[PDB]
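Presented below is the structure to which this report refers.
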Amino acid sequence: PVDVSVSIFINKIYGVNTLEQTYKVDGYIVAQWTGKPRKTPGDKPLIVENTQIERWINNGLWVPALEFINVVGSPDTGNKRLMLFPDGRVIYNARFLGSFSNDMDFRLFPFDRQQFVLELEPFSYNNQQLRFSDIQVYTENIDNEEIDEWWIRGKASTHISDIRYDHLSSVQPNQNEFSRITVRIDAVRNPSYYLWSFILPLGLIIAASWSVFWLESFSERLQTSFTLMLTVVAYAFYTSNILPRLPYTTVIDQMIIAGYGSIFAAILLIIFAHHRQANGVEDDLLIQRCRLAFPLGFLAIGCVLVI
Amino acid sequence: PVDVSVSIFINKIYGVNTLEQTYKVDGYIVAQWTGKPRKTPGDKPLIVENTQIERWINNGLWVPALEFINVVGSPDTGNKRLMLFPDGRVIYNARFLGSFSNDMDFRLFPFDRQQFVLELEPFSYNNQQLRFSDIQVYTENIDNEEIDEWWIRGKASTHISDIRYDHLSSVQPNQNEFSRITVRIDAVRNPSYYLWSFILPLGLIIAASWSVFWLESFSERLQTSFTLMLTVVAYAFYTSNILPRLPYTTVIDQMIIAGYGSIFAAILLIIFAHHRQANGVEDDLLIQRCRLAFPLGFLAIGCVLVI
Amino acid sequence: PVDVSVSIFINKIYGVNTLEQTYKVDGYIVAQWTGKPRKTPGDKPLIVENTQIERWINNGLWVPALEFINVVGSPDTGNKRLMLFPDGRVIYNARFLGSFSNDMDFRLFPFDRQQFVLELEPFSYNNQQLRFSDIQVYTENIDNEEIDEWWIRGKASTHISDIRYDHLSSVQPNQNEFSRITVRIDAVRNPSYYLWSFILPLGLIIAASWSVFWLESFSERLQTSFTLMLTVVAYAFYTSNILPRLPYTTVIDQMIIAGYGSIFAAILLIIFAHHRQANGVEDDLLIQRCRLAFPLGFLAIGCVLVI
Amino acid sequence: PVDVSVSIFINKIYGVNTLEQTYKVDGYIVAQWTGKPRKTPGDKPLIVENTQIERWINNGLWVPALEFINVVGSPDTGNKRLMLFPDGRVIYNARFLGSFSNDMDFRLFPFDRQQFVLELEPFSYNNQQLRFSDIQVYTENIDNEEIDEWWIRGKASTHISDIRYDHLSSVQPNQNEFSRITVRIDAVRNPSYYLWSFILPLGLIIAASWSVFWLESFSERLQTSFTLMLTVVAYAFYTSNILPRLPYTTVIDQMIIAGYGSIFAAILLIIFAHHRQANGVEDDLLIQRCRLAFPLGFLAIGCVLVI
Amino acid sequence: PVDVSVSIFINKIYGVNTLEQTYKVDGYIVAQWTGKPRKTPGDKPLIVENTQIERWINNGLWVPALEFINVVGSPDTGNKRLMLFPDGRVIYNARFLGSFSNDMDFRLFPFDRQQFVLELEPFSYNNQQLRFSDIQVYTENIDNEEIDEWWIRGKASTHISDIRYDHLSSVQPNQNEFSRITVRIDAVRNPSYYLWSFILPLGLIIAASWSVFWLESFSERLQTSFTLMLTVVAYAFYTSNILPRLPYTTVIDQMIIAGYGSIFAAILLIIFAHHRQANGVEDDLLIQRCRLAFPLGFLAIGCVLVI
Ligand SMILES: [Ba+2]
Ligand SMILES: [Ba+2]
Ligand SMILES: [Ba+2]
Ligand SMILES: [Ba+2]
Ligand SMILES: [Ba+2]
Ligand SMILES: [Ba+2]
Ligand SMILES: [Ba+2]
Ligand SMILES: [Ba+2]
Ligand SMILES: [Ba+2]
Ligand SMILES: [Ba+2]
Ligand SMILES: [Ba+2]
Ligand SMILES: [Ba+2]
């Protein structure tokens, strides 16, 4: 069992794809294991850069292939390097940019708790062992929070476990097990933009739609309600175009639905008030006075929902 | 005829392209056939990783090229590996991400039954035989259903058949036939988002468009109907922008068309009511009382259509 | 002059880009020419797969480079293979996906007659001759027509010609001429989606815009006409966003323009009716009765245009 | 100083990016210089195709690297070829597709005069000389003009100059100078689509906005003006979505601004007419009669602007 | 410690991605260090072009890998060249296009002060020293300012520093330190397009929304206010579609919010005026006369905000 020390440097996280549940990571990966002592030019360690590494591999140098389990496609590998010390240790350093996968729940969307994971694991080697994992996130989490889209909470996280693959080749007994490094980074979305540019005017619009009951004539009350409907549709459009695509409804979508339902309910009451009648036209006092009931009645449901 | 055992591990299915009828698959492929016994270092099997495999092929090692028939372009091949046992068996393991093709009917779109297929088959070898196919979909179908976009039903499916190519080279008689592995996975789309964020408010809008008959003045009835038309167009826009592009109409599109037709019909009746007349202005009782007939008359067609 | 037999298998055609006049083709290409007899292992023909082909070329094996003339960029070349028979024939088989160019007229757009062309021709060799071209389109043209976006008419088409390049190097006399294979596939667009989801509601909207003349008050007639204008703009938007981008106007765009012109004309008549007058207000009978003339007067132009 | 004859064949120009000031070119490049006589197989010139060229370079064959100065990124290089004549001449032929840069002024946008430039120049060689440049644009400029987006005027253009680089290595005196080929192609945009589908209905809308003064009641005049404002915004949207993105205003944008300004001015006059008054309500005759002044007053500015 | 002289030529800066905080740079990089004297053919320096450089590296020629620290992915490397002088100096010249990262604050967006940075640094070598950095931005900053999107202020900027990496391998004492070149270019966005096509009509719209108080009837005042709301939503859409996506609100977004708030406030006052009353209907003089207060009251906040 060969001991391998992994260090991962995270430069940037970006390009979140909500539909594909995918996010981009750029950084460095460093792997250090101790092999057989060697004779370098002078005593000083040897530096082997990109194209030459292959040449060394062809001469029988041993370089385990480490795979990102949760990666999508194949990473963009930048400059890579081998460092060979005379005392036998070997240090592989490479730069990568890759698209990674993980389970992501956006149902809370404006206010989101997401976590970005990297899963590393040897491709072909069951007994080679990951000694320890060190993650340098040092690119500052809090410098400007309201600039960066996501606010990163705490410094990384680490797990080194043994994954067992049940379905395998003819020889079971001693190796189903591969060592896996899991690095998770917790992050929270910045609600500002969505609160001010979406939630707020949406609220204003809903509240304003309640003002239909302060109209005098029935005709006015109806004809206006249609304009309201149109406004909600237009808003639904404005949101849907900018907002990220999802298989499910977010909080904002629910607000929109609440808008539609509020207006349709208003329509029903407005028509009901007219044709529930003394002779044919009598309009209900308390009902036309629902201008108080409707806003809080909505607010009741509003306070009930997140709860 | 060489026996080849194939195992395919499906990690993720995503990136469905409705227009191109294409979907992305990420996973592993494992091929195992038994060759001539060999002498490995020690007794233990030999592990040959990525770049080295080519070197082994150049030395006369035999590695059949397996082709995905239904793939689009060429797959993104990750880490690949050969495992050479002294008793002669050879196991090829590779990681891939690829875009695959298949016939897809979206006419039911909000509620969709689709099936994702992989078609494997040797490129150049007519007699080499696929022994058996095993598909590990083990990445959990039901864990969170309402998170994942598609709900996968059952565990995979398998067929191993012999495909005959009629048009071929000068020598017909014994080999037109190649062994083909076909893996199909049945899946059903999650209607939630579309029901709540599309179907529902669309319904509310249609129903509301029926309220035009509860207006008193002819002018009101018309002028309002135009606002309704506008609203339906705006909605058609909001849907069309978000929804996937298709060569054909879905259920929702039909609903939209139903909206247009309902409103235009309403216009016709509204004008007809005015100018079918006692003197010139007489409005038809039963017709202005169509407020009952129109909703169910639509509903009749609605219940007739899916039927 | 070397005789070369080409067979092309078309798997899929897709990704039409209207602006770039480009379309994607995936399939196989097979080239067969007869060289000098060879000694294979056993008698059986030799199979040389991807990476090895280059190695054979470096040993002086002759492999003409065939170029797609109308290709854009360079194709995605999948698995490729050489088959070497002892009697001297050589068969090159490769899989490709590529973007191809051709002249495309979309002026009829909803109903389109387009043709997809492949142009093959030796890169460096003036005397090497393409014996015959065979195109297997066998992937079924008619299975489900209303699923596939394009309906393919007939089985392919073929031409083998000699192209002469006037401008050339210092030596003219005997070779300006290269053999070119041209494969054309005629296809017709499926109008369904565009008829129902675009043409139809657009028509309904136009017809409805004629109902403005059934209004009583001048004010109503005007104020409504503006809402109509807005509706046409909104519709123009909804179409333009979904529909493919073009340098020219399609049929639908013309319909839109017809809408604008109809409404503006309506405005002119509505204002004219008011201020062409007995004293100042007199409205013209026949003119307010143009509710008959306008629809057919439009229809006249409509029946005149395609004609 | 080595004489090099360059011939460039332009197949297609497309993919204009207004923001990046970039355009795509596909074609062939041919370079011919005369080296030392050689012994070919037979007397006939030698054909060296793609992969082999490198092999020849490694044997000390001399192949100058020609760089496109104005290219963006690196070109997609298709099939390439060397032709070696026994009398010593060498002809390099390659196919390329590349994104090129040039200064582009879109301020006139609907009617545009643009020019597409290619700048070629040896990478490392100060004394090697470009003998002459020949550009075959022969792909027909005028066949169908209203199909192609751009109308190409005249056949190419050519310049061969000497560029001097001031800032250089330690040795100045005799070589700051590299030979540069510049190929420019003048082209004019097709205004049709923009005239009919944009300019025209925009005009109709503006003209129609002048009809607000033919309304009787002040309320009507205002309430309608708002609908007009909305219509102009909607139109601004429809244009902005389809039209290419720019750092500056085009002609159409100016028209839009003119729309806004016209309507706001109308608002100001409408309110002014009401509250500039005999008692409080008196409306100005000449002002309500500005229905004549406003259209030409706008037209005055319109005829003044391009002038 | 090897002295390395770097010169960087900036051709173009473009493709700013606001969300990813990324921008494209195209140009040349030149690195000059003095090695061991060599014997060239003749006395004249040797020119080694693209593919050959690798061959020289394989023979033990030393070519430090320089990394762009702030690059995203890996650059598109064009033609590259080595120049070997007999006196031992070596000059590496390469052309590159790459996407680079940097902190970008768009909160001021229409008027933006941004700075484009390049960070260069040896990949594997702690003692090799960057002698000096020279940046040729010579592509003209001021030629046409209103054409180019960004106005570049001053000629570049330069820093050469020593970066210390705390976390490292087992040997600390003398080398934590790598030499880093930092090149920063200050630029300011061109407000024209946004002022005229966005800020201005937005202002006109706001001002116009104040005209609601000049209406007589309460009904008019309300029903109109809704149309205003719709107009602001439509405008919010038109802006949001064209404008760049951000995690935060810009100035324009704030203006939009101000619009919504202004209209909602107007609604509140309009309803309050009606139902704060003598009997039930009395409308407040000063309140209906707020037509003066509202515009400046807004303007007060407007002048307070940037301040
Ligand atoms: Ba790479
Ligand atoms: Ba790959
Ligand atoms: Ba099919
Ligand atoms: Ba899962
Ligand atoms: Ba490939
Ligand atoms: Ba879009
Ligand atoms: Ba290439
Ligand atoms: Ba042509
Ligand atoms: Ba050598
Ligand atoms: Ba390169
Ligand atoms: Ba930062
Ligand atoms: Ba320039």
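Chains as they are written, first to last, in the deposited numbering: chain D, 11 to 317; chain C, 11 to 317; chain B, 11 to 317; chain A, 11 to 317; chain E, 11 to 317.
Cβ atoms here follow ideal geometry from the backbone N, Cα and C, with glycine treated the same way.
**OP:** Specify, as a first and last residue, the run of the alpha helix (DSSP H) that A/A104 falls within.
**Re:** For the purposes of this step, residue 104 of chain A is taken as the residue at position 94 of the fourth sequence. Looking at the DSSP string, A/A104 is not in any alpha helix (DSSP H); the run it does join, the beta strand (DSSP E), is 99 to 111.
Original post:
Quick one: does the C-beta of D/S84 sit closer than 7 Å to a heavy atom of ligand 2?
Top reply: Taking the first sequence and counting its residues from 1, one reaches residue 84 of chain D at position 74. Look at D/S84: its beta carbon is less than 7 Å from one of the heavy atoms in ligand 2.
Subject >> Helix, strand or coil at E/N89 according to DSSP, with G and I counted as helix >> reply: For the purposes of this step, residue 89 of chain E is identified with residue 79 of the fifth sequence, where counting begins at 1. Looking at E/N89 - three-state DSSP - the assignment turns out to be strand.
Subject >> Beta-carbon contacts of D/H169 that lie in its chain and below 6 Å, excluding the five residues immediately before and after >> reply: Here the question's residue 169 of chain D lines up with position 159 in the first sequence. Only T192 meet the Cβ criterion.
Original post:
For chain E, is any of its Cβ atoms less than 8 Å away from the one on A/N251?
Top reply: Here residue 251 of chain A refers to the residue found at position 241 when the fourth sequence is read from its first residue. Yes, A/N251 lies at the interface with chain E (some Cβ there is under 8 Å from its Cβ).
Original post:
Which chain C residues are close to B/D86, counting only those with a beta carbon under 9 Å from its beta carbon?
Top reply: Position 76 of the third sequence, counted from the start, is the residue given in the question as residue 86 of chain B. Those are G83, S84, listed as they occur along chain C.
Original post:
Whose CA, out of B/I215, B/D158, B/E59, B/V40, lies closest to the CA of C/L256?
Top reply: Within the second sequence, the letter at position 246 stands for residue 256 of chain C. Here the closest residue by C-alpha is B/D158.
Subject >> Option in E/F126, E/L214, E/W206 with minimal Cα separation from E/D113 >> reply: The residue you call residue 113 of chain E lines up with position 103 of the fifth sequence. Of the candidates E/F126, E/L214, E/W206, E/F126 places its Cα closest to the Cα of E/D113.
Original post:
How many Å lie between A/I216 and B/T237 at the Cα?
Top reply: Indexing the fourth sequence from 1 puts residue 216 of chain A at position 206. Indexing the third sequence from 1 puts residue 237 of chain B at position 227. About 15 Å.
**OP:** Give the secondary structure of C/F304 by DSSP, where H, G and I count as helix, E and B as strand, and everything else as coil.
**Re:** As a first step, residue 304 of chain C must be located in the second sequence, where it is residue number 294. In this structure, C/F304 counts as helix in the three-state DSSP scheme.
Original post:
CB of B/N69 to nearest heavy atom of ligand 9: below 7 Å?
Top reply: As a working note, residue 69 of chain B is residue 59 in the third sequence. Not under cutoff, so the answer is no.
**OP:** Could you tell me which chain B residues have their CB closer than 9 Å to the CB of C/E156, listed as they occur along the chain?
**Re:** Position 146 of the second sequence holds residue 156 of chain C. Simply none; closest approach about 29 Å.
Subject >> Residues with C-beta closer than 7 Å to any heavy atom of ligand 3, in chain order >> reply: C/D113, B/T149, B/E150, B/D153, B/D158
**OP:** Verify the CB distance criterion: does D/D36 have a CB-CB separation below 8 Å to chain E?
**Re:** For the purposes of this step, residue 36 of chain D is taken as residue 26 along the first sequence, with counting starting at 1. Yes, D/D36 lies at the interface with chain E (some Cβ there is under 8 Å from its Cβ).
Original post:
Of the residues C/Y148, C/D293, C/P201, which one's Cα is nearest the Cα of C/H284?
Top reply: Mapped onto the second sequence, residue 284 of chain C falls at position 274. Residue C/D293 is the option with its Cα nearest to C/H284.
Original post:
When you compare only the Cα positions, how much space is there between A/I277 and E/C300?
Top reply: In the fourth sequence, the residue the question calls residue 277 of chain A occupies position 267. In the fifth sequence, the residue the question calls residue 300 of chain E occupies position 290. So the two alpha carbons sit approximately 18 Å from each other.
Subject >> beta-carbon E/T61 near ligand 7 non-hydrogen atom, thresh 7 Å >> reply: Translated into positions along the fifth sequence, residue 61 of chain E becomes position 51. E/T61 Cβ: outside cutoff for every heavy atom of ligand 7.
Original post:
So what's D/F142 in DSSP terms, helix, strand or just coil?
Top reply: Your numbering for residue 142 of chain D matches position 132 in the first sequence. If DSSP states are grouped into helix, strand and coil, D/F142 belongs with the strands.
**OP:** Could you name the residues of the stretch 42 to 59 of chain B whose beta carbon sits closer than 7 Å to any beta carbon of chain C, in the order they occur along the chain?
**Re:** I57, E59
Original post:
Going by beta carbon distance, what residues of the same chain come within less than 6 Å of B/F282, once the five residues before and after it are set aside?
Top reply: Walking along the third sequence from the start, residue 282 of chain B turns up at place 272. In its chain, beyond the 5 residues on either side, no residue has a beta carbon closer than 6 Å to the beta carbon of B/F282.
Original post:
From this set, C/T241, C/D115, C/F106, C/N137, which residue's C-alpha is nearest C/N184's C-alpha?
Top reply: By 1-based counting over the second sequence, the position of residue 184 of chain C is 174. Answer by Cα proximity: C/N137.
Original post:
Which ranges would you report for the alpha helix (DSSP H) in the stretch 203 to 248 of chain B if only whole runs of at least 4 residues count?
Top reply: Given a length threshold of 4 residues, each whole run of the alpha helix (DSSP H) inside the stretch 203 to 248 of chain B is given here in chain order: 210 to 219.
Original post:
At a CB-CB cut-off below 7 Å, which residues of chain E make contact with A/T237?
Top reply: Locating residue 237 of chain A in the fourth sequence gives position 227, where the first residue counts as 1. Within chain E, the residues near A/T237 are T237.
Subject >> Rounded Cβ spacing between C/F116 and C/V82 (contact assumed at less than 8 Å) >> reply: Against the second sequence, residue 116 of chain C aligns to sequence position 106. Against the second sequence, residue 82 of chain C aligns to sequence position 72. Going by Cβ atoms, the distance from C/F116 to C/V82 rounds to 18 Å, so no, they are not a contact pair.
**OP:** Alpha carbon to alpha carbon, how far is D/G290 from D/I280? Give it in angstroms, no decimals.
**Re:** One-based indexing of the first sequence puts residue 280 of chain D at position 270. One-based indexing of the first sequence puts residue 290 of chain D at position 280. For D/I280 and D/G290, the distance between alpha carbons rounds to 14 Å.
Subject >> Which of helix, strand or coil DSSP assigns to B/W66 >> reply: Here the question's residue 66 of chain B lines up with position 56 in the third sequence. In this structure, B/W66 counts as helix in the three-state DSSP scheme.
**OP:** Compare the C-alpha of A/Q124 against each of A/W43, A/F133, A/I23 and name the closest.
**Re:** By 1-based counting over the fourth sequence, the position of residue 124 of chain A is 114. When only C-alpha atoms are compared, the closest one is A/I23.
Subject >> Contacts around A/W220, its chain only, beta-carbon distance under 6 Å, and the 5 residues preceding and following it disregarded >> reply: Reading the fourth sequence from its first residue, position 210 is the one you call residue 220 of chain A. So the qualifying residues of the chain are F304, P305.
Subject >> Buried versus exposed, by CB contacts within 10 Å (16 or more), C/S143 >> reply: As a first step, residue 143 of chain C must be located in the second sequence, where it is residue number 133. By the neighbour-count rule (16 or more Cβ atoms within 10 Å), C/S143 is buried.
**OP:** Could you confirm whether any beta carbon from chain C is found closer than 8 Å to the beta carbon of D/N184?
**Re:** As a first step, residue 184 of chain D must be located in the first sequence, where it is residue number 174. It does not: the Cβ of D/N184 has no partner Cβ on chain C nearer than 8 Å.
Original post:
Whose CA, out of D/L295, D/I297, D/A275, D/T260, lies closest to the CA of D/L315?
Top reply: Here the question's residue 315 of chain D lines up with position 305 in the first sequence. Nearest option by C-alpha distance: D/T260.
**OP:** Give the secondary structure of D/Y270 by DSSP, where H, G and I count as helix, E and B as strand, and everything else as coil.
**Re:** Start at 1 with the first residue of the first sequence, and residue 270 of chain D comes out as number 260. DSSP places D/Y270 in helix when its eight states are reduced to three.
Original post:
For C/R48 versus C/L76, is the C-beta distance shorter than 8 Å?
Top reply: Residue numbering aside, residue 48 of chain C sits at position 38 when the second sequence is read from its first letter. Residue numbering aside, residue 76 of chain C sits at position 66 when the second sequence is read from its first letter. No, they are not a contact pair.
**OP:** Measure the C-alpha to C-alpha separation of E/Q139 and D/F78 and round it to an integer number of angstroms.
**Re:** Taking the fifth sequence and counting its residues from 1, the one referred to as residue 139 of chain E is at position 129. Taking the first sequence and counting its residues from 1, the one referred to as residue 78 of chain D is at position 68. In a straight line, the C-alpha of E/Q139 is about 35 Å away from that of D/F78.
**OP:** For D/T87, verify whether its CB is less than 7 Å away from any heavy atom of ligand 1.
**Re:** Residue mapping note: residue 87 of chain D aligns to position 77 of the first sequence, counting from 1. True, at least one ligand heavy atom lies under 7 Å from that Cβ.
Original post:
Can you tell me whether DSSP reads D/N21 as helix, strand or coil?
Top reply: As a first step, residue 21 of chain D is located in the first sequence; it is residue number 11 there, counting from the start. Strand.
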